[PDB]
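As provided, protein_36.pdb (PDB, C-alpha atoms) reads as follows.
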ATOM      1  CA  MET A   1      25.097 -44.756  70.792  1.00  0.00           C
ATOM      2  CA  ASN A   2      24.253 -44.580  67.093  1.00  0.00           C
ATOM      3  CA  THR A   3      26.901 -46.715  65.444  1.00  0.00           C
ATOM      4  CA  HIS A   4      26.636 -48.845  62.313  1.00  0.00           C
ATOM      5  CA  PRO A   5      27.825 -52.474  62.151  1.00  0.00           C
ATOM      6  CA  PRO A   6      28.626 -53.916  58.683  1.00  0.00           C
ATOM      7  CA  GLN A   7      26.488 -56.882  57.656  1.00  0.00           C
ATOM      8  CA  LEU A   8      28.729 -58.073  54.824  1.00  0.00           C
ATOM      9  CA  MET A   9      30.778 -60.840  56.430  1.00  0.00           C
ATOM     10  CA  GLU A  10      31.691 -64.475  55.794  1.00  0.00           C
ATOM     11  CA  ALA A  11      29.846 -67.728  56.550  1.00  0.00           C
ATOM     12  CA  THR A  12      27.684 -68.248  53.488  1.00  0.00           C
ATOM     13  CA  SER A  13      25.409 -71.104  52.422  1.00  0.00           C
ATOM     14  CA  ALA A  14      24.508 -72.500  49.013  1.00  0.00           C
ATOM     15  CA  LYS A  15      21.246 -74.402  48.733  1.00  0.00           C
ATOM     16  CA  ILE A  16      21.111 -76.934  45.913  1.00  0.00           C
ATOM     17  CA  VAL A  17      18.042 -79.119  45.528  1.00  0.00           C
ATOM     18  CA  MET A  18      18.361 -82.308  43.515  1.00  0.00           C
ATOM     19  CA  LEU A  19      15.465 -84.227  41.994  1.00  0.00           C
ATOM     20  CA  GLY A  20      15.098 -86.782  39.225  1.00  0.00           C
ATOM     21  CA  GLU A  21      13.391 -90.143  38.965  1.00  0.00           C
ATOM     22  CA  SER A  22      13.002 -93.037  41.401  1.00  0.00           C
ATOM     23  CA  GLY A  23      15.419 -95.895  40.783  1.00  0.00           C
ATOM     24  CA  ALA A  24      17.591 -93.712  38.562  1.00  0.00           C
ATOM     25  CA  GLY A  25      20.255 -93.541  41.261  1.00  0.00           C
ATOM     26  CA  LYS A  26      18.690 -90.351  42.602  1.00  0.00           C
ATOM     27  CA  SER A  27      19.533 -90.801  46.294  1.00  0.00           C
ATOM     28  CA  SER A  28      22.571 -92.870  45.304  1.00  0.00           C
ATOM     29  CA  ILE A  29      24.421 -89.966  43.672  1.00  0.00           C
ATOM     30  CA  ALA A  30      23.543 -87.650  46.564  1.00  0.00           C
ATOM     31  CA  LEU A  31      25.280 -90.019  48.971  1.00  0.00           C
ATOM     32  CA  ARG A  32      28.420 -89.739  46.844  1.00  0.00           C
ATOM     33  CA  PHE A  33      28.708 -86.018  47.543  1.00  0.00           C
ATOM     34  CA  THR A  34      27.366 -85.944  51.104  1.00  0.00           C
ATOM     35  CA  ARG A  35      29.701 -88.472  52.707  1.00  0.00           C
ATOM     36  CA  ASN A  36      31.322 -89.505  49.407  1.00  0.00           C
ATOM     37  CA  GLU A  37      30.332 -93.102  50.101  1.00  0.00           C
ATOM     38  CA  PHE A  38      28.100 -95.435  48.128  1.00  0.00           C
ATOM     39  CA  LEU A  39      25.347 -97.722  49.348  1.00  0.00           C
ATOM     40  CA  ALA A  40      24.736-100.565  46.901  1.00  0.00           C
ATOM     41  CA  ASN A  41      21.376-101.373  48.469  1.00  0.00           C
ATOM     42  CA  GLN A  42      20.540 -97.673  48.774  1.00  0.00           C
ATOM     43  CA  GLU A  43      16.870 -97.257  47.978  1.00  0.00           C
ATOM     44  CA  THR A  44      15.499 -94.018  46.580  1.00  0.00           C
ATOM     45  CA  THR A  45      14.285 -92.033  49.587  1.00  0.00           C
ATOM     46  CA  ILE A  46      10.538 -91.486  49.899  1.00  0.00           C
ATOM     47  CA  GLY A  47      10.837 -88.769  52.513  1.00  0.00           C
ATOM     48  CA  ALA A  48      13.765 -86.385  52.257  1.00  0.00           C
ATOM     49  CA  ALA A  49      17.517 -86.819  52.534  1.00  0.00           C
ATOM     50  CA  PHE A  50      18.968 -83.514  53.656  1.00  0.00           C
ATOM     51  CA  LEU A  51      22.565 -83.088  54.743  1.00  0.00           C
ATOM     52  CA  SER A  52      24.313 -79.767  55.211  1.00  0.00           C
ATOM     53  CA  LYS A  53      28.085 -79.550  55.557  1.00  0.00           C
ATOM     54  CA  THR A  54      30.608 -76.732  55.580  1.00  0.00           C
ATOM     55  CA  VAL A  55      33.429 -76.505  53.060  1.00  0.00           C
ATOM     56  CA  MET A  56      36.308 -74.047  52.840  1.00  0.00           C
ATOM     57  CA  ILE A  57      36.906 -72.528  49.419  1.00  0.00           C
ATOM     58  CA  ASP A  58      39.788 -70.045  49.146  1.00  0.00           C
ATOM     59  CA  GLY A  59      39.549 -69.406  52.876  1.00  0.00           C
ATOM     60  CA  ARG A  60      35.799 -68.879  52.634  1.00  0.00           C
ATOM     61  CA  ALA A  61      33.739 -71.121  54.883  1.00  0.00           C
ATOM     62  CA  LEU A  62      30.350 -71.863  53.360  1.00  0.00           C
ATOM     63  CA  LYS A  63      27.930 -74.709  53.965  1.00  0.00           C
ATOM     64  CA  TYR A  64      26.195 -76.522  51.138  1.00  0.00           C
ATOM     65  CA  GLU A  65      22.581 -77.475  51.596  1.00  0.00           C
ATOM     66  CA  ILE A  66      21.867 -80.406  49.324  1.00  0.00           C
ATOM     67  CA  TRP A  67      18.306 -81.625  49.380  1.00  0.00           C
ATOM     68  CA  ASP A  68      17.701 -85.140  48.113  1.00  0.00           C
ATOM     69  CA  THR A  69      13.964 -85.147  47.523  1.00  0.00           C
ATOM     70  CA  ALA A  70      11.724 -88.159  46.984  1.00  0.00           C
ATOM     71  CA  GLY A  71      12.766 -89.920  43.781  1.00  0.00           C
ATOM     72  CA  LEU A  72       9.404 -89.371  42.146  1.00  0.00           C
ATOM     73  CA  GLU A  73       6.692 -87.799  44.272  1.00  0.00           C
ATOM     74  CA  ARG A  74       4.880 -84.708  43.065  1.00  0.00           C
ATOM     75  CA  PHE A  75       1.997 -84.860  45.550  1.00  0.00           C
ATOM     76  CA  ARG A  76       4.179 -84.313  48.614  1.00  0.00           C
ATOM     77  CA  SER A  77       4.606 -81.019  50.458  1.00  0.00           C
ATOM     78  CA  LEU A  78       8.143 -80.861  49.074  1.00  0.00           C
ATOM     79  CA  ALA A  79       6.785 -80.099  45.594  1.00  0.00           C
ATOM     80  CA  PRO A  80       6.203 -76.326  46.178  1.00  0.00           C
ATOM     81  CA  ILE A  81       8.594 -75.717  49.075  1.00  0.00           C
ATOM     82  CA  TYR A  82      11.787 -77.420  47.838  1.00  0.00           C
ATOM     83  CA  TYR A  83      12.873 -74.253  46.021  1.00  0.00           C
ATOM     84  CA  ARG A  84      12.303 -71.983  49.050  1.00  0.00           C
ATOM     85  CA  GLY A  85      15.557 -70.248  48.179  1.00  0.00           C
ATOM     86  CA  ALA A  86      17.405 -72.722  45.997  1.00  0.00           C
ATOM     87  CA  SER A  87      20.599 -71.262  44.576  1.00  0.00           C
ATOM     88  CA  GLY A  88      20.872 -74.156  42.172  1.00  0.00           C
ATOM     89  CA  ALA A  89      19.046 -77.290  41.119  1.00  0.00           C
ATOM     90  CA  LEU A  90      20.182 -80.738  40.056  1.00  0.00           C
ATOM     91  CA  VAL A  91      18.308 -83.526  38.291  1.00  0.00           C
ATOM     92  CA  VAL A  92      19.519 -87.057  37.577  1.00  0.00           C
ATOM     93  CA  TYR A  93      18.552 -88.999  34.456  1.00  0.00           C
ATOM     94  CA  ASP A  94      19.734 -92.385  33.183  1.00  0.00           C
ATOM     95  CA  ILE A  95      20.985 -92.518  29.579  1.00  0.00           C
ATOM     96  CA  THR A  96      19.364 -95.868  28.755  1.00  0.00           C
ATOM     97  CA  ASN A  97      16.145 -95.119  30.616  1.00  0.00           C
ATOM     98  CA  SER A  98      14.247 -92.594  28.503  1.00  0.00           C
ATOM     99  CA  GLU A  99      11.741 -92.095  31.328  1.00  0.00           C
ATOM    100  CA  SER A 100      14.296 -90.321  33.496  1.00  0.00           C
ATOM    101  CA  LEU A 101      14.913 -87.744  30.756  1.00  0.00           C
ATOM    102  CA  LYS A 102      11.157 -87.376  30.301  1.00  0.00           C
ATOM    103  CA  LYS A 103      10.737 -86.841  34.028  1.00  0.00           C
ATOM    104  CA  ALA A 104      13.738 -84.489  34.092  1.00  0.00           C
ATOM    105  CA  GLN A 105      12.215 -82.233  31.432  1.00  0.00           C
ATOM    106  CA  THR A 106       9.002 -82.245  33.462  1.00  0.00           C
ATOM    107  CA  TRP A 107      10.735 -80.903  36.581  1.00  0.00           C
ATOM    108  CA  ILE A 108      12.828 -78.300  34.746  1.00  0.00           C
ATOM    109  CA  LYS A 109       9.710 -76.874  33.085  1.00  0.00           C
ATOM    110  CA  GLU A 110       7.796 -76.328  36.323  1.00  0.00           C
ATOM    111  CA  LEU A 111      10.682 -75.241  38.553  1.00  0.00           C
ATOM    112  CA  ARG A 112      11.876 -72.523  36.165  1.00  0.00           C
ATOM    113  CA  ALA A 113       8.346 -71.208  35.770  1.00  0.00           C
ATOM    114  CA  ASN A 114       7.827 -71.193  39.536  1.00  0.00           C
ATOM    115  CA  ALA A 115      11.224 -70.076  40.811  1.00  0.00           C
ATOM    116  CA  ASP A 116      13.990 -68.118  39.090  1.00  0.00           C
ATOM    117  CA  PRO A 117      15.220 -67.817  35.453  1.00  0.00           C
ATOM    118  CA  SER A 118      18.901 -67.573  36.409  1.00  0.00           C
ATOM    119  CA  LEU A 119      18.698 -70.587  38.704  1.00  0.00           C
ATOM    120  CA  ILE A 120      21.457 -72.889  37.463  1.00  0.00           C
ATOM    121  CA  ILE A 121      20.285 -76.436  36.808  1.00  0.00           C
ATOM    122  CA  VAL A 122      22.663 -79.377  36.686  1.00  0.00           C
ATOM    123  CA  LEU A 123      21.668 -82.041  34.177  1.00  0.00           C
ATOM    124  CA  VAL A 124      23.557 -85.148  35.188  1.00  0.00           C
ATOM    125  CA  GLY A 125      23.452 -88.521  33.470  1.00  0.00           C
ATOM    126  CA  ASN A 126      23.604 -91.871  35.222  1.00  0.00           C
ATOM    127  CA  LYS A 127      25.863 -94.850  34.512  1.00  0.00           C
ATOM    128  CA  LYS A 128      28.466 -93.843  31.909  1.00  0.00           C
ATOM    129  CA  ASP A 129      28.908 -97.587  31.451  1.00  0.00           C
ATOM    130  CA  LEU A 130      25.849 -97.511  29.192  1.00  0.00           C
ATOM    131  CA  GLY A 131      28.009 -96.166  26.366  1.00  0.00           C
ATOM    132  CA  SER A 132      26.935 -98.881  23.935  1.00  0.00           C
ATOM    133  CA  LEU A 133      23.380 -99.533  25.124  1.00  0.00           C
ATOM    134  CA  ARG A 134      22.368 -95.919  25.722  1.00  0.00           C
ATOM    135  CA  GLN A 135      18.877 -95.535  24.287  1.00  0.00           C
ATOM    136  CA  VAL A 136      18.968 -91.747  24.328  1.00  0.00           C
ATOM    137  CA  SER A 137      21.999 -89.771  23.195  1.00  0.00           C
ATOM    138  CA  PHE A 138      23.662 -87.784  25.988  1.00  0.00           C
ATOM    139  CA  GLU A 139      24.699 -85.390  23.225  1.00  0.00           C
ATOM    140  CA  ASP A 140      21.011 -84.706  22.610  1.00  0.00           C
ATOM    141  CA  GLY A 141      20.262 -84.366  26.301  1.00  0.00           C
ATOM    142  CA  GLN A 142      22.950 -81.748  26.844  1.00  0.00           C
ATOM    143  CA  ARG A 143      21.521 -79.825  23.880  1.00  0.00           C
ATOM    144  CA  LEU A 144      18.267 -78.990  25.655  1.00  0.00           C
ATOM    145  CA  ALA A 145      20.399 -77.956  28.622  1.00  0.00           C
ATOM    146  CA  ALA A 146      22.546 -75.527  26.642  1.00  0.00           C
ATOM    147  CA  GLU A 147      19.439 -74.362  24.784  1.00  0.00           C
ATOM    148  CA  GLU A 148      17.776 -73.329  28.049  1.00  0.00           C
ATOM    149  CA  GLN A 149      21.065 -71.840  29.296  1.00  0.00           C
ATOM    150  CA  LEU A 150      21.906 -74.654  31.718  1.00  0.00           C
ATOM    151  CA  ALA A 151      25.588 -74.182  32.513  1.00  0.00           C
ATOM    152  CA  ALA A 152      25.960 -77.646  34.039  1.00  0.00           C
ATOM    153  CA  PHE A 153      25.558 -80.924  32.153  1.00  0.00           C
ATOM    154  CA  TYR A 154      27.770 -83.905  33.002  1.00  0.00           C
ATOM    155  CA  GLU A 155      27.903 -87.708  33.196  1.00  0.00           C
ATOM    156  CA  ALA A 156      27.924 -89.505  36.550  1.00  0.00           C
ATOM    157  CA  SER A 157      28.292 -93.048  37.866  1.00  0.00           C
ATOM    158  CA  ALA A 158      27.982 -94.180  41.483  1.00  0.00           C
ATOM    159  CA  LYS A 159      31.047 -96.419  41.284  1.00  0.00           C
ATOM    160  CA  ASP A 160      32.902 -93.779  39.260  1.00  0.00           C
ATOM    161  CA  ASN A 161      32.567 -91.075  41.951  1.00  0.00           C
ATOM    162  CA  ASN A 162      30.226 -89.325  39.461  1.00  0.00           C
ATOM    163  CA  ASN A 163      32.799 -86.514  39.217  1.00  0.00           C
ATOM    164  CA  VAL A 164      30.622 -84.840  41.865  1.00  0.00           C
ATOM    165  CA  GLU A 165      33.615 -82.856  43.100  1.00  0.00           C
ATOM    166  CA  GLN A 166      34.198 -81.419  39.634  1.00  0.00           C
ATOM    167  CA  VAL A 167      30.581 -80.460  38.974  1.00  0.00           C
ATOM    168  CA  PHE A 168      30.397 -78.588  42.290  1.00  0.00           C
ATOM    169  CA  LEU A 169      33.873 -77.070  41.866  1.00  0.00           C
ATOM    170  CA  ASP A 170      32.777 -75.830  38.456  1.00  0.00           C
ATOM    171  CA  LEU A 171      29.680 -74.213  39.937  1.00  0.00           C
ATOM    172  CA  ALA A 172      31.549 -72.786  42.934  1.00  0.00           C
ATOM    173  CA  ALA A 173      34.200 -71.444  40.563  1.00  0.00           C
ATOM    174  CA  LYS A 174      31.682 -69.269  38.706  1.00  0.00           C
ATOM    175  CA  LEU A 175      28.526 -68.809  40.819  1.00  0.00           C
TER     176      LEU A 175
END
How does the structure come out when it is put into C-alpha coordinates?
Amino acid sequence: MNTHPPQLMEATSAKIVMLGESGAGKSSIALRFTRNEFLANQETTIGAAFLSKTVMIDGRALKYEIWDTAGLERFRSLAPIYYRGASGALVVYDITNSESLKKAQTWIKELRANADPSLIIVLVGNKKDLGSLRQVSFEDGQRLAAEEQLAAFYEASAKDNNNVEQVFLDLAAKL
(Lines of atoms letter the chains of each structure in order from A and count residues from 1; the text may use other names and numbers.)
(Lines give C-alpha, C1' and ligand atoms only; values in the text may rest on other atoms or scores of the structure.)
Protein backbone atom coordinates (compact mmCIF):
# COMPACT_ATOMS: atom_id res chain seq x y z
CA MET A 1 0.00 0.00 0.00
CA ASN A 2 3.07 2.22 0.31
CA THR A 3 3.00 4.32 -2.83
CA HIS A 4 4.20 7.88 -3.35
CA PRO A 5 2.09 10.57 -5.06
CA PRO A 6 3.95 13.58 -6.56
CA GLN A 7 3.02 16.94 -5.05
CA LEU A 8 4.48 19.08 -7.83
CA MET A 9 1.47 19.87 -10.01
CA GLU A 10 -0.26 22.90 -11.52
CA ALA A 11 -2.79 25.37 -10.08
CA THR A 12 -0.61 28.03 -8.49
CA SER A 13 -1.43 31.35 -6.84
CA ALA A 14 0.45 34.64 -6.66
CA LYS A 15 -0.39 36.96 -3.78
CA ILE A 16 0.32 40.63 -4.43
CA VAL A 17 -0.62 43.19 -1.81
CA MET A 18 -0.97 46.80 -2.88
CA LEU A 19 -0.84 49.79 -0.55
CA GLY A 20 -0.18 53.49 -0.97
CA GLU A 21 -1.97 56.62 0.18
CA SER A 22 -5.65 57.52 0.49
CA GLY A 23 -6.97 59.63 -2.38
CA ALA A 24 -3.94 58.79 -4.51
CA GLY A 25 -6.06 56.52 -6.70
CA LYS A 26 -5.14 53.55 -4.50
CA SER A 27 -8.37 51.55 -4.85
CA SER A 28 -8.92 53.13 -8.27
CA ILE A 29 -5.92 51.45 -9.90
CA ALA A 30 -6.78 48.11 -8.28
CA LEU A 31 -10.18 48.19 -9.97
CA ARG A 32 -8.41 48.58 -13.31
CA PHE A 33 -6.71 45.20 -12.95
CA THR A 34 -9.46 43.32 -11.10
CA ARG A 35 -12.33 43.87 -13.52
CA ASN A 36 -10.39 46.29 -15.74
CA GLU A 37 -13.09 48.89 -15.19
CA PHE A 38 -12.88 52.34 -13.64
CA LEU A 39 -15.16 53.97 -11.10
CA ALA A 40 -14.93 57.75 -11.28
CA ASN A 41 -16.57 58.15 -7.88
CA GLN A 42 -14.54 55.25 -6.48
CA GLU A 43 -13.55 56.15 -2.94
CA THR A 44 -10.43 54.72 -1.33
CA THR A 45 -11.58 51.65 0.59
CA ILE A 46 -11.39 51.80 4.38
CA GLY A 47 -11.82 48.08 4.86
CA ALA A 48 -10.25 45.77 2.31
CA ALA A 49 -10.84 45.17 -1.39
CA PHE A 50 -9.77 41.63 -2.16
CA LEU A 51 -10.47 39.92 -5.46
CA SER A 52 -8.88 36.70 -6.62
CA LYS A 53 -9.13 35.55 -10.22
CA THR A 54 -7.51 32.82 -12.28
CA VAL A 55 -5.45 33.55 -15.38
CA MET A 56 -3.87 31.17 -17.87
CA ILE A 57 -0.24 31.88 -18.73
CA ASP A 58 1.40 29.52 -21.23
CA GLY A 59 -1.17 26.86 -20.36
CA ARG A 60 -0.55 27.36 -16.65
CA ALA A 61 -3.64 28.21 -14.63
CA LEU A 62 -2.78 30.38 -11.64
CA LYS A 63 -4.92 32.74 -9.60
CA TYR A 64 -3.73 36.18 -8.58
CA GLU A 65 -4.57 37.39 -5.12
CA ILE A 66 -4.52 41.17 -5.18
CA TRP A 67 -5.21 42.82 -1.86
CA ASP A 68 -6.32 46.43 -1.97
CA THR A 69 -5.75 47.55 1.60
CA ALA A 70 -7.08 50.68 3.27
CA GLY A 71 -5.64 53.73 1.53
CA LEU A 72 -3.91 54.96 4.66
CA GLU A 73 -4.57 53.03 7.85
CA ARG A 74 -1.68 51.70 9.90
CA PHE A 75 -3.66 50.94 13.06
CA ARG A 76 -5.82 48.26 11.45
CA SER A 77 -5.30 44.51 11.79
CA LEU A 78 -4.21 44.48 8.15
CA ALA A 79 -0.94 46.22 9.07
CA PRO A 80 0.90 43.05 10.28
CA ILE A 81 -1.10 40.37 8.45
CA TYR A 82 -1.24 41.78 4.90
CA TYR A 83 2.10 40.16 4.03
CA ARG A 84 1.09 36.71 5.36
CA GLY A 85 2.74 35.21 2.31
CA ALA A 86 2.91 38.05 -0.18
CA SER A 87 4.84 37.09 -3.30
CA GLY A 88 4.98 40.71 -4.35
CA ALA A 89 3.96 44.16 -3.17
CA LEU A 90 2.68 47.24 -4.94
CA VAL A 91 2.44 50.85 -3.77
CA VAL A 92 0.83 53.78 -5.57
CA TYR A 93 2.16 57.33 -5.37
CA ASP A 94 1.07 60.49 -7.20
CA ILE A 95 3.82 62.46 -8.98
CA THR A 96 2.48 65.90 -8.00
CA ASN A 97 1.55 64.87 -4.47
CA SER A 98 4.82 64.54 -2.55
CA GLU A 99 2.95 62.99 0.39
CA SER A 100 2.24 59.80 -1.54
CA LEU A 101 5.96 59.28 -2.17
CA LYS A 102 6.65 60.03 1.49
CA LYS A 103 4.03 57.50 2.53
CA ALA A 104 5.32 55.01 -0.06
CA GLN A 105 8.85 55.13 1.37
CA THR A 106 7.32 54.60 4.81
CA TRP A 107 5.61 51.36 3.77
CA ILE A 108 8.59 49.98 1.83
CA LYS A 109 10.86 50.48 4.85
CA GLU A 110 8.68 48.54 7.27
CA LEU A 111 7.49 45.78 4.94
CA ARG A 112 11.00 44.83 3.81
CA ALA A 113 12.21 44.75 7.40
CA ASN A 114 9.25 42.63 8.46
CA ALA A 115 8.82 40.31 5.49
CA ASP A 116 11.29 39.23 2.81
CA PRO A 117 14.33 40.89 1.12
CA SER A 118 13.61 39.38 -2.31
CA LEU A 119 9.96 40.42 -2.21
CA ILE A 120 9.47 42.38 -5.42
CA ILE A 121 7.87 45.78 -4.89
CA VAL A 122 6.11 47.66 -7.66
CA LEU A 123 6.51 51.43 -7.45
CA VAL A 124 3.77 52.87 -9.60
CA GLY A 125 3.09 56.54 -10.24
CA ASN A 126 -0.34 58.09 -10.62
CA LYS A 127 -1.65 60.37 -13.36
CA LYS A 128 0.95 60.59 -16.15
CA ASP A 129 -0.97 63.69 -17.19
CA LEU A 130 0.95 65.59 -14.52
CA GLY A 131 3.95 65.77 -16.85
CA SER A 132 4.26 69.54 -16.55
CA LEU A 133 3.02 70.08 -12.99
CA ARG A 134 4.77 67.11 -11.39
CA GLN A 135 6.25 68.37 -8.13
CA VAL A 136 8.51 65.37 -7.66
CA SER A 137 10.53 63.88 -10.51
CA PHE A 138 9.47 60.34 -11.43
CA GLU A 139 13.09 59.89 -12.51
CA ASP A 140 14.10 60.47 -8.89
CA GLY A 141 11.39 58.18 -7.56
CA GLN A 142 12.48 55.26 -9.73
CA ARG A 143 16.04 55.80 -8.49
CA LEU A 144 15.23 54.77 -4.92
CA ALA A 145 13.44 51.78 -6.42
CA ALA A 146 16.43 50.61 -8.46
CA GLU A 147 18.70 51.43 -5.53
CA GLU A 148 16.78 49.04 -3.27
CA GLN A 149 16.60 46.47 -6.09
CA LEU A 150 12.95 47.06 -6.96
CA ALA A 151 12.50 45.47 -10.38
CA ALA A 152 9.17 47.20 -11.03
CA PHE A 153 8.69 50.95 -11.39
CA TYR A 154 6.14 52.33 -13.86
CA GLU A 155 3.67 55.16 -14.51
CA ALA A 156 -0.08 54.57 -14.30
CA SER A 157 -3.29 56.49 -14.99
CA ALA A 158 -6.84 55.30 -14.32
CA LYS A 159 -8.13 56.54 -17.67
CA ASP A 160 -4.97 55.29 -19.40
CA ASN A 161 -5.46 51.66 -18.28
CA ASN A 162 -2.35 52.25 -16.10
CA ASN A 163 -0.52 49.67 -18.25
CA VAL A 164 -1.55 47.24 -15.49
CA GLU A 165 -1.41 44.35 -17.94
CA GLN A 166 2.20 45.16 -18.81
CA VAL A 167 3.41 45.54 -15.23
CA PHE A 168 1.92 42.16 -14.29
CA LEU A 169 3.08 40.51 -17.53
CA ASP A 170 6.57 41.78 -16.78
CA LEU A 171 6.47 40.27 -13.30
CA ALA A 172 4.90 37.01 -14.48
CA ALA A 173 7.52 36.82 -17.23
CA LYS A 174 10.39 36.73 -14.72
CA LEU A 175 9.08 35.77 -11.25
Just how far from atom CA of residue A:42 is atom CA of residue A:104, in Å to one decimal?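 One can read the atom CA of residue A:104 to atom CA of residue A:42 distance as 20.9 Å.
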List the neighbours of residue A:108 out to 9 Å using only C-alpha atoms; skip same-chain residues closer than 5 positions along the sequence, and give me the result as a VMD selection string. chain A and resid 89 91 103 113 121
Spatial sel., origin (21.3, -85.3, 51.4), limit 8 Å, all atoms listed in the file, listed as a ChimeraX atom specification: /A:27,30-31,34,48-52,65-68
Please produce a file of those selected residues containing C-alpha atoms, as a PDB file, in the frame of the given file.
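This is the output file again-v2.pdb:
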ATOM      1  CA  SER A  27      19.533 -90.801  46.294  1.00  0.00           C
ATOM      2  CA  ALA A  30      23.543 -87.650  46.564  1.00  0.00           C
ATOM      3  CA  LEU A  31      25.280 -90.019  48.971  1.00  0.00           C
ATOM      4  CA  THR A  34      27.366 -85.944  51.104  1.00  0.00           C
ATOM      5  CA  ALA A  48      13.765 -86.385  52.257  1.00  0.00           C
ATOM      6  CA  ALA A  49      17.517 -86.819  52.534  1.00  0.00           C
ATOM      7  CA  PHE A  50      18.968 -83.514  53.656  1.00  0.00           C
ATOM      8  CA  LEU A  51      22.565 -83.088  54.743  1.00  0.00           C
ATOM      9  CA  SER A  52      24.313 -79.767  55.211  1.00  0.00           C
ATOM     10  CA  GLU A  65      22.581 -77.475  51.596  1.00  0.00           C
ATOM     11  CA  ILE A  66      21.867 -80.406  49.324  1.00  0.00           C
ATOM     12  CA  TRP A  67      18.306 -81.625  49.380  1.00  0.00           C
ATOM     13  CA  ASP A  68      17.701 -85.140  48.113  1.00  0.00           C
TER      14      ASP A  68
END
Please report the interatomic distance between atom CA of residue A:28 and atom CA of residue A:128 in Å with one decimal.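 Value for the atom CA of residue A:28-atom CA of residue A:128 distance: 14.7 Å.
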Residues matched by the PyMOL selection byres ((chain A and resi 14-21) around 10) as a PyMOL selection string: chain A and resi 12-13+22-27+29-30+44+50+52+54+62-73+82-94+99-108+119-124+172+175
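Computed from the coordinates, the atom CA of residue A:8 to atom CA of residue A:60 distance equals 13.1 Å.
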Residues near residue A:143, cut-off 12 Å, all atoms listed in the file, skip fewer than 5 positions along chain, as a list in words: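 Contacts, in chain order: residues 123, 137, 138, 148, 149, 150, 151, 152, 153 and 154 of chain A.
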Taking a cut-off of 10 Å and counting only C-alpha atoms, can you build a table that, for each residue of stretch 35-84 of chain A near stretch 157-164 of chain A, reports the nearest atom pair and how far apart they are in Å (one decimal), sorted by chain then residue number, as CSV?
residue,atom,partner,partner_atom,distance
A:36,CA,A:161,CA,7.7
A:37,CA,A:161,CA,8.7
A:38,CA,A:158,CA,6.8
A:39,CA,A:158,CA,9.0
A:40,CA,A:158,CA,9.0
Find the smallest box with edges along x, y and z containing every listed atom of stretch 19-26 of chain A, then add 8 Å on each side and report centre and edge lengths in Å to one decimal, as AutoDock Vina command-line options.
--center_x 16.6 --center_y -90.1 --center_z 40.6 --size_x 23.3 --size_y 27.7 --size_z 20.0
Chain and number of each residue from the PyMOL selection byres ((chain A and resi 58) around 12), as a ChimeraX atom specification: /A:10,55-57,59-62,169,172-173
Do you know which residues are at most 8 Å from residue A:96 counting only C-alpha atoms, after dropping those on the same chain fewer than 3 positions away, and could you put them as JSON, numbers by chain? {"A": [130, 133, 134, 135, 136]}
